[PDB]
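Visitor: experimental structure and its sequence below.
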Amino acid sequence: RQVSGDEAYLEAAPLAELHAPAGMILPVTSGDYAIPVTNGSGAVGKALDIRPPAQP
Amino acid sequence: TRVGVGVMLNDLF
Amino acid sequence: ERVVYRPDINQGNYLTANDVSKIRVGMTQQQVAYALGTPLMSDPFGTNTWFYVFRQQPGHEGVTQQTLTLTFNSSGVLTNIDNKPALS
Amino acid sequence: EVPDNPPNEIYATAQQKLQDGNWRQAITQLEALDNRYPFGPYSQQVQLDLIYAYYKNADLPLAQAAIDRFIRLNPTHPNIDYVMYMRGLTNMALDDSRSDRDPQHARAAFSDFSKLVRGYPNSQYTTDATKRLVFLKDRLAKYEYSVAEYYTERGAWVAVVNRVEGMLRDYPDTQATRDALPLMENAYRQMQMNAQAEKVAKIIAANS
Amino acid sequence: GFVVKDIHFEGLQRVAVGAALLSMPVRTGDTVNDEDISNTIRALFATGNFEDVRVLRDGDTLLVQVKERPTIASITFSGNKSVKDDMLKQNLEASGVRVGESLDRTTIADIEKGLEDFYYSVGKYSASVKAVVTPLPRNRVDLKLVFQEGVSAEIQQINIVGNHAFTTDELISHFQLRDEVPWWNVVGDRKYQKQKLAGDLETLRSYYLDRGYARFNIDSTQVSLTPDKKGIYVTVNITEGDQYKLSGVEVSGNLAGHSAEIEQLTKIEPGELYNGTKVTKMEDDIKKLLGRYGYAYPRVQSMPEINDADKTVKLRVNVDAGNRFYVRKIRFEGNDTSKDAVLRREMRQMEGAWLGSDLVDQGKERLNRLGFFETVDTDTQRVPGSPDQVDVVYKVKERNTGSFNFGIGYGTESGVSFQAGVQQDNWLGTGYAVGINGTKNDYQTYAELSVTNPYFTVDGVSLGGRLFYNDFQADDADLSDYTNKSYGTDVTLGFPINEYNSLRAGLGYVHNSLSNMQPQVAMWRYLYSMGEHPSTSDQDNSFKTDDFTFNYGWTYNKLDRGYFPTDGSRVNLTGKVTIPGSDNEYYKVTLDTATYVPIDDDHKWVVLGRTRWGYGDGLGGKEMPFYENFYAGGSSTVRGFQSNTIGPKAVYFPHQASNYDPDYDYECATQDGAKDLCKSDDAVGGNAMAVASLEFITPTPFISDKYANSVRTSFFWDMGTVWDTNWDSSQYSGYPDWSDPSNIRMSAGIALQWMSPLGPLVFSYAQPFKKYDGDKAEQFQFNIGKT
Amino acid sequence: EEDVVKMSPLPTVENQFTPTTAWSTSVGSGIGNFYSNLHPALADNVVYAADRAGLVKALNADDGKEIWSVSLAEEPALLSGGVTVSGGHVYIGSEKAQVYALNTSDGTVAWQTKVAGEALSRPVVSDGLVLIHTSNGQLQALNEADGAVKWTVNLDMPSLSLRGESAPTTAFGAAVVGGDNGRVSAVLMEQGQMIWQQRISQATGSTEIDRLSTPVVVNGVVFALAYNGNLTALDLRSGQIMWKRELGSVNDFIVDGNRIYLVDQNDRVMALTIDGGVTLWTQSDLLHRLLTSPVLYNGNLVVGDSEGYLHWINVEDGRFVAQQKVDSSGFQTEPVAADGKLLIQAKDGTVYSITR
């Protein structure tokens, strides 16, 4: 059984760059699975109208 | 195979 | 400990005697690769070091591990080798 | 099993079942209306509604196959930004929110939401899609942690460090990875690699 | 050349102007010759939208023209008698023939002919499947698929030509395919239809090779239809080698300097006949050793050097250790419900280790033997930019694991058995086994609810809980009339020790509610051992017991074959004892032992030795609950005797039950003259039993050689003994000595068993030639797969 | 459950004489549902027939009463290669790849040879040889005296085929045989040496389409037929296709005067011009009534269906003439019109002679 108007994904743990020690470096981040910041005023979950647009 | 019925592929939960 | 059924746990790279005696100091990466095959682990923390862990433990005890550690430099040329046939 | 009504009658009908939320009724009206006029001057709108329904009616295989097709015949289309959001949802709807099953869907879902925000930074569904990507990255990171976990119990101390290293490479900023660092430390210690062990320990000490 | 200005379009319908543009290599403003135009035409076909494209020059413009393939509006069937509409339409979608997509017109006959093979697989060759494609006003089309399935064709002979040492029948004997299967003497003996013959010739090869026919060849296998295409003939023509004795083994190839260990793996005692299966062992033993030392795909081949002079074979074995590889990742695609650990935990190839051709495959057999997946496919991909790194992928399609099951059997000892219950093998894809099973005998109503973890421990130690209910009625089990309404709980560890050995150890609770105890000396001797002093003269009584056990068990199975074992022994040992805090105080030990010892090479003459042992006693001066007694007699124990008839018998008191003595026979009732005690032939069994049989398996000598090996005749000498070890022989001087086991009940007889449609069958006819006082005979007994 | 084509029902025929059974002799259990060739053959007013088990009797052609009594079992014999008699030998092929010759006299074994495969074909006796076309493609020729293998001509065979391997016709010390791949071939009788090999069959698509699995030579033309493929006239010399027609059967045709009489794969009968093969008439009232090979008897055409009915078709128009139930056992094995007598053997081995 499947997600109808769910909102559980909002509680998902945030992302924070791991601070590296001195005399050591963290492995090289593959460009894959990387999210660009977007000045986003759009709603989320149930608050977002996911109905198809129209015109005229 | 036998007298009766083995009705496989019915339920998950 | 009991007398349970464990199914032989092989881990890492395979090393023969006839292959450890074949790398000499001052070879390239690609020369070591062809000599011993791609290593399974490598230090991804700012250091060209290669790990040839030839770990075997079969059924009940007798856990053999040979730890063959190879150090490279900025170039990509073997500088120092480190070989240990056991663990204590 | 619709009779040959006039078309505007069949649209009034289907578009009435949507505010009511009867999807299975709205489909049979649209699903039929599509086969009637597969091309038209306002018969792409028909196809967008027919997708909204399949989703809400949890007809997921029909929603995917309907989106994929739409994009192939109208990738120019203005509302192509919306069709991507829906595809991403569709695949997310084939997922888990406690998630260590085939990520094929979550991974595929992560792609669709990336293609949206890259191509349309100022779209109505961008910021929501972003939050969803964050869920999906943890989800995808959480998959590797579990495989690591099984192999820490099994004692494949190579498979663990390699698996964790790949998490650091692929999903570093994720919270799955913090929890991944001490099984990589442990993994080293077990292969008597105390040098490489201590390395990780001071990456733990250095972060949350 | 030619220069473009605009690009106009004719015949765009479903395909937007945009979708056309994005597939065209030649862009607005480009300079284009009549060669670039061909490559643009060439590309618009490659999109699959269009039936016919042409790109033309109209002055300064480039004009693209298209007739889009028609859109499928309906897929109707009409004819599909053997295949459901939903199963076919699901297969069409799979092959890209779905409603709302376009019709690949040049594939219509392809679609047609592409379904026949489906009907040829099952053997319905007389089949058909045309297609009507009805055009519809706006470039749509109704696809109608008119099926005309045939009579399924049956295999009317399997012939062998060139067989001189072995009757064509004896050979056909071991085939999956049959030219005749019986009924009304019906033997569940496989079907009568035809497909994938490949593999039944492999069993033919082996049968000859395994008997020293080294130069044995299959010349030709032709396959015939009848003109009506309802009968099927199969002929294999063969060349029987002369019999050759093995000389020795020359090993030659990339041995990887391991001749030390192979030169004796190819050491064979000189004189024994060539043996094709001992070869394929040897060959695999090598591949096992080269795998042992890193190598992923060690190849081995054996071409026998034939010498017709002395008639011998020098086996020439080429080796090639090949390369080594490294498993980067083991991935699992398919597990949409089952957890990743659930498939990965069944792996025998370790990830982050050196690749095993075997261990990858072993990992697959171990994966479908779970039954959780419909299909399991491997796939060893070389990792991009690496010579010796690979990814091993397991593609699973998940099966619906939950299933209701219902079975009725019919024996003598049991009567009518009604096995029934629901089972769930993979709870929410966790490996967890939950199940609510129940069984209804003539004497027992049992029903348990299970939960089991098959990997309590990563190494395959199972921890399962049972919660059960059992209402037992002894006068239906041919025993002194009792009633036991038991129910309790049992948590059990199952330790896999060895390929062949396993242990069980568990803690259990049991409630034993006893009632309707018609008095009897031995039964009452137990009762005032518990400090119970009820009435010698009525049937109205009660005894509640609250016990806790420690249960243990060992099972050693090395039977050559599950079904008709021909070699090696089985041994089970299940005991228990009462943990202090219980109402009772006893221990129980039962040991079963079956041994197969074949005398002929073909294994058609097996010698079977069975032995069943039992013993228990009370610890605190108490006695063993009589419901924990051992019995002997019936099919499962000593044949020719009635069920449970062996052992002590009832010595009854005078009494009366609320039966209201009408016109039925009673034992030691007041109504018919209650003296004091009455001896009877009513069995109670004992606390010390020992049975032991010796059964000589043979061929079945009046049935067709083609399927004679399907039914198993045997001759048996059965013997057994039960006794009561606390029977006061003194105080009951007049009554027989039921502490003495010296009285051995022996019997001889003949057995049959095969598989009927009614289920697995087993007939026994035994004359108990040495029976003792009050033993109820039962010469003919049977079961029809009680299960 | 259901066959794809309704066996056309028994034609309702106004009989233009009374077909009577002269006599009948039952011989063993016969062939049954085992699709065999085994027919009877007639030599010197003495009929010879057999059953699959290996019973072979010789009957008087008039009374149908037995003469000699011997069988060929120890375990059955699996006889299949239709009875064929020449000089003073009775030839029969066994599906245990045995070929027997029996003296016409007492009925004892003259010789018995181990051949290459199941001897399914009607033995053909030409020059000093006996042609056995087997089930593994081997076209062998045995010595009429002692029965030795004089040569083998490995024809190659498709994955899947039908059954009854084609009995060869002979002209000018050359045997013309049918292939199971759809190629009619011509070898020499001294050496089995190939001369020509011509494909006669039209292929369809990537399914299971088979060409064959018996030809006739008149005035240096070879006529032959492929199961699915065509009826073709061939140049006896070269084997080059002169004319082809899109008709196929497994039931040997007959060429009389200037017309070709044949029974197509769907049991429909027709007569065609020897010239180019153009259609004279067609009789499709017996469609799918699993008919036997046709025979000419007193200017009439005789055939048999699965339900033991003999039919009489008129050569000049292709309308029915008579009908007669003779054996509810059923018909398969080919008739025999020879010495002004008509024989046939129903599945249970019952050998009828047909008169009036």
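Guide: Arrived safely. Residues are numbered from 1 along each chain as shown, chains lettered A, B, ... in the order given.
Visitor: residue E:437 belongs to a strand?
Guide: Yes: applying DSSP: H, G, I helix; E, B strand; the rest coil, one finds residue E:437 inside a strand.
Visitor: the closest residue in space to it that isn't next to it in sequence bridge partners, please.
Guide: Distance criterion C-beta to C-beta, 6 or more residues apart in numbering or on different chains; nearest residue to residue E:437, sequence neighbours excluded, is residue E:421 at 3.4 Å. In short, each C-beta sits where N, CA and C put it, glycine included. Note on residue E:421: beta-bridge partners by DSSP bridges are residue E:405, residue E:437.
Visitor: do stretch C:27-40 and chain A meet?
Guide: No: among the residues of stretch C:27-40, none lie within reach of chain A under C-beta under 8 Å from any C-beta of the partner chain; the closest is 15.7 Å away.
Visitor: who in chain A is up against chain C?
Guide: A:24, A:25, A:26, A:27, A:28.
Visitor: any chance you could map the helices in the chain?
Guide: No chain in the question, so chain A it is. In chain A, no helices are defined using DSSP state H.
Visitor: the intended chain is chain C.
Guide: C:17-20, C:29-36.
Visitor: one step back: and the residues of chain A next to chain C, which of them are buried?
Guide: A:26, A:27 (16 or more other C-beta atoms under 10 Å in any protein chain shown).
Visitor: the residues of chain A next to chain C: which ones sit near chain D?
Guide: Subset of those in contact with chain D: A:24, A:26, A:27, A:28, counting by C-beta under 8 Å from any C-beta.
Visitor: residue E:748: how many residues sit nearby?
Guide: By other C-beta atoms under 10 Å in any protein chain shown, 18 other residues sit near residue E:748.
Visitor: and it, which of the three is it?
Guide: Applying three-state DSSP: residue E:748 is strand.
Visitor: wait, what's in contact with it?
Guide: For residue E:748, the contact set (C-beta atoms under 8 Å, 6 or more residues apart in numbering or on different chains) comprises E:640, E:715, E:716, E:717, E:718, E:766, E:767, E:769.
Visitor: not counting sequence-adjacent ones, nearest residue to the third one?
Guide: When the adjacent residues along the chain are set aside, residue E:716 lies closest to residue E:695, with 3.9 Å between them (C-beta to C-beta, 6+ apart).
Visitor: one more: the first one?
Guide: For residue E:640, ignoring the flanking residues on the chain, the nearest one in space by C-beta to C-beta, 6+ apart is residue E:766 at 3.0 Å.
Visitor: ok, how many other residues are close to the residue nearest to residue E:716?
Guide: 19.
Visitor: cool, residue E:543 as well?
Guide: Other residues close to residue E:543 by other C-beta under 10 Å number 17.
Visitor: follow-up on the earlier one: just put the ones next to chain D among the residues of chain A next to chain C in a markdown table and tack on distance to chain E.
Guide: As requested, these are exported to a markdown table (distance: C-beta to the nearest C-beta, whole Å):
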| residue | distance to chain E |
| --- | --- |
| A:24 | 23 |
| A:26 | 21 |
| A:27 | 16 |
| A:28 | 15 |
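Visitor: now flag whichever of these is closest to residue C:13.
Guide: The nearest member of those to residue C:13, counting by C-beta to C-beta, is residue A:27 at 20.1 Å.
Visitor: so who does that closest one touch?
Guide: Contacts of residue A:27 (C-beta under 8 Å, 6+ apart): C:44, C:45, D:165, D:168, D:169, D:172.
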